[PDB]
Every structure is written in C-alpha cells, then in structure tokens.
Amino acid sequence: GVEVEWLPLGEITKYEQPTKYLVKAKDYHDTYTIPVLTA
DNA sequence: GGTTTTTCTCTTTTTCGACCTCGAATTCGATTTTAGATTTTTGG
C-alpha cells in the first residue's frame, strides 16, 4: 500500500433495517431447512 | 434375676422441590424526521 487514507464508514456503506419477519410459527424442527442465524 | 432380642430414637445419609438462577438474546410500543400536500398570504 503506497497511499493510505482513513475514511468514515457510513460514507461508503448502505445500512438497512431488517425486512419484516413473522418467523415464530408452531414448529421449526430439524426436518425443516432454513438457517436461523442469531448472535 | 439375668441375658438376649427387638424396637425405637438419634446420628448420619440422601434425594427431592406445580424451582430458580445466572449468561445470552432481545418485538413492541413510544417517539421523531421527511415527504409531502394543502392552504394562506403576499406580491406583481
């Protein structure tokens, strides 16, 4: 790297809130297939 | 009258209590800008 510049984050970054979910249904066993990914 | 056996309590274990208690994770209402429109006022 010959020329280095620090830049602010939100200048080059699109932030968006989640698309609306109702994913709290009655059974979501391993027979199903989506990856439910949390912290 | 004495000895032995059985039982009862007291000493020590031991196993339960529509629980409970710490880490991890977090959905709805409360509240705010912006999009936008409509109405009113001022200027030409």
# chains A, B, ... in the order shown; residues from 1 in each chain; ligands from 1

$ interface_residues --of "chain B" --to "chain A" --cutoff "12 Å" --atoms "only C-alpha atoms (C1' of nucleotides)" --output "CSV table (one decimal) with N, CA and C atoms (P, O5', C5', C4', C3', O3' and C1' of nucleotides), in the first residue's frame"
chain,number,residue,atom,x,y,z
B,24,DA,P,-22.4,-15.8,28.1
B,24,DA,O5',-23.7,-15.6,27.2
B,24,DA,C5',-24.9,-16.3,27.4
B,24,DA,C4',-25.7,-16.4,26.1
B,24,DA,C3',-25.4,-15.4,25.0
B,24,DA,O3',-25.9,-15.9,23.8
B,24,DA,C1',-27.3,-14.7,26.2
B,25,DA,P,-26.3,-14.9,22.7
B,25,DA,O5',-27.7,-14.3,23.1
B,25,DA,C5',-28.7,-15.2,23.4
B,25,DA,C4',-30.0,-14.7,22.8
B,25,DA,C3',-29.8,-13.8,21.6
B,25,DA,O3',-30.9,-13.9,20.7
B,25,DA,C1',-30.6,-12.5,23.5
B,26,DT,P,-31.4,-12.6,19.8
B,26,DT,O5',-32.4,-11.8,20.7
B,26,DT,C5',-33.5,-12.5,21.3
B,26,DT,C4',-34.5,-11.5,21.8
B,26,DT,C3',-35.0,-10.5,20.8
B,26,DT,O3',-36.4,-10.2,21.1
B,26,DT,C1',-34.0,-9.3,22.5
B,27,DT,P,-37.3,-9.7,19.9
B,27,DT,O5',-38.7,-9.4,20.6
B,27,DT,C5',-39.8,-10.3,20.5
B,27,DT,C4',-41.1,-9.5,20.4
B,27,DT,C3',-41.7,-9.4,19.0
B,27,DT,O3',-42.9,-8.7,18.9
B,27,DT,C1',-40.7,-7.4,19.5

$ atom_distance --atom1 "atom CA of residue A:12" --atom2 "atom CA of residue A:37"
25.8 Å
